[PDB]
Amino acid sequence: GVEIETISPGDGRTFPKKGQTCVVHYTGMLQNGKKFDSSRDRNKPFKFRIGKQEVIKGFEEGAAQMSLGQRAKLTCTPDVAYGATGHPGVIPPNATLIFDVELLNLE
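For the sequence shown, position 22 (counting from the first letter as 1) is numbered 22 according to the entry's author numbering, and the numbering increases by one without interruption.
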């Protein structure tokens, strides 16, 4: 259940495909909670490829549904990322996550 609310500007045509490594200025937010992760702090903007199940399922399906320059707003369900387990100390079990995602990439 990946729900998209895109802040408009970008190109809307450069869609992510397989074998493509892309760059995201993501920002983690817990729903009704504080931050937990920010690529903008470390300023190394998280180069990663598509398809090898590196990222969670909610971020992976939200990645391909974007384009270059766009700014989305993810809402990840618990069953796709951690909701049975929860990442220990950082993500509680049965959690719903909020992501500010901007795709500024190559390939």
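Just so you know, even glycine gets a beta-carbon here, dropped at the ideal spot from N, CA and C.
So, at 8 Å on beta carbons, what are the nonlocal neighbours of residue i in its own chain, with the 5 sequence-adjacent residues on each side left out?
i	result
residue 126	Residue numbering for the chain in the displayed model covers 1 to 107; residue 126 lies beyond these limits and cannot be assessed.
residue 112	Any property of residue 112 remains undetermined from this structure, which presents the chain solely from 1 to 107.
If you check the beta carbons only, do residue i and residue j fall under 9 Å apart?
i	j	result
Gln53	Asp11	no
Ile50	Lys73	no
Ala95	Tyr82	yes
What are the start and end residues of the beta strand (DSSP E) that includes residue i?
i	result
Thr6	That residue, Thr6, is in no beta strand (DSSP E); it is neither H nor E in DSSP.
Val24	Counting along the chain, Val24 falls outside any beta strand (DSSP E), and DSSP gives it neither H nor E.
Next item on the list: Counting only runs of 4+ residues fully inside the segment 29 to 97, write out the alpha helix (DSSP H) ranges in chain order.
Entry: 39 to 42, 57 to 64 and 78 to 81
Check: Is the segment 49 to 62 touching the segment 73 to 81 in the sense that three or more CB pairs, one from each, lie closer than 8 Å?
Finding: yes
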